[PDB]
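*Asks:* This one's experimental. Sequence and coordinates below.
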Amino acid sequence: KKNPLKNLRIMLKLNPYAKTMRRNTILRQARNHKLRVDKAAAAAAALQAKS
Amino acid sequence: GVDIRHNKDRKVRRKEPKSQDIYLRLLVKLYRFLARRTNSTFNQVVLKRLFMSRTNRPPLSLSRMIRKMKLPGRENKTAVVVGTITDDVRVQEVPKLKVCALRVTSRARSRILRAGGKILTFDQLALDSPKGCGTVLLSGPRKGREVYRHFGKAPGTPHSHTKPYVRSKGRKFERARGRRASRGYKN
Amino acid sequence: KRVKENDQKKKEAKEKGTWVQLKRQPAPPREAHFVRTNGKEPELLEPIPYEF
Amino acid sequence: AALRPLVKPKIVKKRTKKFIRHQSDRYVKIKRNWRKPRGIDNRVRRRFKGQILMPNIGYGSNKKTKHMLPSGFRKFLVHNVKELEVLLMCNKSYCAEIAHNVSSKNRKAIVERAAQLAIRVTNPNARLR
Amino acid sequence: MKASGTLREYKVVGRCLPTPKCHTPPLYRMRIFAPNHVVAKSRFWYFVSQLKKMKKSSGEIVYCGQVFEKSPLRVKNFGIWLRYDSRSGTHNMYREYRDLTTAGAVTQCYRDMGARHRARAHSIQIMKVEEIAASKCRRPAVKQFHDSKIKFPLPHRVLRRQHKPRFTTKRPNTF
Amino acid sequence: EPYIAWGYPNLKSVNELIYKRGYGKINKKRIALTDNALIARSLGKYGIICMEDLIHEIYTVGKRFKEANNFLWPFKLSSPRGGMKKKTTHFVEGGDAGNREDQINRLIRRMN
RNA sequence: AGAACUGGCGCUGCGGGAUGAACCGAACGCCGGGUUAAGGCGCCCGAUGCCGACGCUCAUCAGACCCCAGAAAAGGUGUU
RNA sequence: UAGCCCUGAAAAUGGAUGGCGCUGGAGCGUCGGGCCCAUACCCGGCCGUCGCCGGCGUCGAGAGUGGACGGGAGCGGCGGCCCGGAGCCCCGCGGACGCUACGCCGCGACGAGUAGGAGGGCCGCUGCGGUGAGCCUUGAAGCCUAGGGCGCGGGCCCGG
Ligand SMILES: [Mg+2]
Ligand SMILES: [Mg+2]
Ligand SMILES: [Mg+2]
């Protein structure tokens, strides 16, 4: 018994939707991260351009 | 620990006969092949009756066999019995039925073969009908023994009918108190 | 009663065409209902002191 | 490095200590041969800790490695040439022993017949001159 | 209740089941202090059953939310009313603490009732907790911190044994 | 309730049990259900022919909950690696044996 | 001394109760890794060698953990 | 009024919070986060037992959860001068193990034990009927053995 939740491709033998549920939650938490890193820059950028 | 069971986990049936008869040992090899391979329930009853004891294979007379083959539908089938065939003296004429048994007696296979029937063993039964198609598997009267009239509640309980073990039948042999209301009581 | 009014209500579903589910069930867990405190506000109660 | 059999697995043994009888150190009227203790109050049958262990089927060895000699063979004691030839089709899995009653004259001949037939004999140089 | 860890104030409301006799019951409300909201909605049925004819079978709760303070930074004086049990009888008790939150002063009570009066947490019932204003305190230990320009030093400081070496050549000054 | 701890599991608690500790019975045997065949080959009479359809009847309790629950062998769970608390009094009373209503999820993740 | 209900001991080892038939956990094929229960974590004796929290208490007989192995009425301007 | 402490509070060998000791606690109460280890729980190995089986297809030609011939009509596709027709293996003559059926194999669950009851014994002792073209004065039985091994054990084999 190889373990689901621990290796891929055993899940995908039991649940094919597990992969597309998984890159959808990797695509979005990369663009929620690119948004928040840029927004935290975007406050202190013009706050430095002030100074 | 898992539970508190008082084990009955070892089932107590027979997986082989206790006999060393090497001709019954080849019928077992033939039919437990046919049990697990032909996908039929005829061959599983015949396989487990060959495992049975001499008591559990009682003899079958000739006038239970032809009485259970005067029935509607049985007009061309074969009477398979795992056990011996005897003959009633009570029966007068015999039809031309086709039988199949371990060990037909000598007067039984003379009166069957006078009428023009055919006697079979369990080897040429499988060559005839491997599935057992068109067969009336008959049984003997297994509670027909002298032993079962000694079995029951107790011979001295109410109504009981249970036939005590007396060493000799007669007056002055277990007939006095408990058996008539004058002398003591009556059960 | 529930063999008499169950046999006859079985043949009402044959003329009307449904799946009434005439078998009885135990008391289910309660439905997600909706309580209303219209007008007032709830009552503040507190444990009384000890006096003999 | 004599005749080198087929695949020899790592022999586990579960125990290498030869179960001794209880109270056998204390007496010499008691041999070391195992008898199980059937007394009502003793501590080996009742299985306390730190005491003489008692055998059960859990100590049994691996079925693919049972009766394997430490060289990897499984012995079969023979008495002459003719029942040494019964060990021709098993010579990479089994091995021969010469029994203790075979004389040094006949042991000299059946130790050369085994070498032609490529059979390991466990006591080849027993009862030499 | 064990009062494990720091306590936590809950607002719990609830009402009895609407009978064919009575529709729309009044939906009472209490103020429970408990370490989590499963204990809190169990302590609700301990007090409501002592005051009204309600029980968990014939009632339910319809809200169990943590209520917490509108000033976690202000220092407050809490006077609380108790109903603990002793070994002989049961007593009413008033008691004043001084903490930044309601739940932290009632936690400070259960530590103190176990310390002073040996009273176990199953045996003490909080009646009411409220923040009180100064010059209405009656306990002079709470009262002695009401001093603008209050000052004191720290005398005879001790801590950090074995961490700083078990074996040193150095007699550690207590300031 | 002296002998059990119980509560209401959320979606990934029932998800984690069926995957990691989920096993099935067909006839008398405790198999690893590491295929969508073995769920369909026995319990496919009820339209729940795959793994995640077996998870849907047992979280959103449906028509065939009984036959889907009896199919599962009881979860032989591991020892709780956070420790427990007192084991012999109620969860309200300070211990753990009883109903706890959403805190069983914090324990399942320690058990499983 | 004698009953009721249930569990145990007898027939049963093991972990804890220093010690032990019956208490508390837990029931046992032979091992390796992981985790725990009851119970603990100055040193015997594995583990608090945590910069643990808050108080109460000084005894010229202190106190110290289910069963369980020592105390009552009464009394103290002893301290809280 | 109630918490701790004290008075009440006396027994015979010298003595027991288990001891040593312990007073910014190694005491008491109320809590925390770590941490320790049972034959208990989880994962894995190996042994046995029990339950449900498998394989007589050794079928390298076996192939079949539907199957053929050969005729009435239609194609996609194989070779065109839009007409068209079974090839039996062979340039390799080849292809592991098995299945004491009382045997072999697979999967799953289980394993305390007195009195007691069953089963298995290729455990052992003495003697008989068969049988090993058995063994031996080129050394049998017996006994001894810091020799080498096997078996869970009963025990057994070999070396000297
Ligand atoms: Mg005894
Ligand atoms: Mg109990
Ligand atoms: Mg016995």
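*Replies:* All right, it came through fine. Numbers count the residues shown, from 1 in each chain, chains lettered A, B, ... in the order given. Ligands and ions are numbered 1, 2, ... in the order given.
*Asks:* what about the strands in chain F?
*Replies:* For chain F, strands defined by DSSP state E occupy the ranges F:23-25, F:30-32.
*Asks:* Check the spacing between residue B:2 and residue F:76 real quick.
*Replies:* Residue B:2 sits 10 Å away from residue F:76, going by CB to CB, to the nearest Å. Using the backbone N, CA and C atoms, a C-beta is placed for each residue, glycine as well.
*Asks:* what about the two, which has more around it?
*Replies:* residue F:76 (8 against 4; other CB atoms under 10 Å in any protein chain shown).
*Asks:* is it true that the more buried one touches residue F:17?
*Replies:* No. Judged on CB atoms under 8 Å, residue F:76 makes no contact with residue F:17 at a distance of 11.0 Å.
*Asks:* quick revisit: what would the strands of chain F look like in TSV with distance to RNA strand H and mean neighbour count?
*Replies:* Shown next, in TSV, are those (distance: least, CB to the nearest atom of the strand, whole Å; neighbours: other CB atoms under 10 Å in any protein chain shown):
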stretch	distance to RNA strand H	mean neighbour count
strand F:23-25	7	17
strand F:30-32	4	13
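*Asks:* mind checking which of those is nearest residue F:97?
*Replies:* Set against residue F:97 and scored by CB to CB, those come closest in strand F:23-25, at 25.8 Å.
*Asks:* ok, the closest one near chain A or not?
*Replies:* No. Counting by CB under 8 Å from any CB of the partner chain, chain A has no neighbours in strand F:23-25; the shortest distance is 8.6 Å.
*Asks:* Contact residues of chain E facing chain F?
*Replies:* With the criterion set to CB under 8 Å from any CB, chain E comes near chain F through E:1, E:2, E:4, E:36, E:38, E:39, E:42, E:122.
*Asks:* Which among those residues count as buried?
*Replies:* Buried members of these, counted by 16 or more other CB atoms under 10 Å in any protein chain shown: E:1, E:2, E:36, E:38, E:39, E:42.
*Asks:* From chain A, how far off is the residue lying closest to the last one once chain neighbours are set aside?
*Replies:* Of all residues not flanking residue E:42 in the chain, residue F:92 sits nearest, at 4.5 Å (CB to CB, 6 or more residues apart in numbering or on different chains). Between residue F:92 and chain A the computed distance is 33 Å (CB to the nearest CB, to the nearest Å).
*Asks:* residue contacts, residue F:92?
*Replies:* E:1, E:38, E:39, E:42, F:98 (CB atoms under 8 Å, 6 or more residues apart in numbering or on different chains).
*Asks:* Spatially nearest residue to the third one (excluding sequence neighbours)?
*Replies:* Nearest-residue entry for residue E:39: residue F:92, 5.2 Å, with adjacent residues in sequence omitted and distances by CB to CB, 6+ apart.
*Asks:* cool, the first one as well?
*Replies:* With CB to CB, 6+ apart as the measure, residue E:121 is the residue that lies nearest to residue E:1, at 5.3 Å, once sequence neighbours are left out.
*Asks:* what's the burial count for that neighbour?
*Replies:* Residues near residue E:121, counting by other CB under 10 Å, number 16.
*Asks:* What strand or helix carries whichever residue of chain E sits closest to RNA strand H?
*Replies:* Here the residue of chain E nearest RNA strand H is residue E:114; by CB to the nearest atom of the strand that distance is 2.5 Å. Using DSSP states H and E, residue E:114 sits within helix E:102-116.
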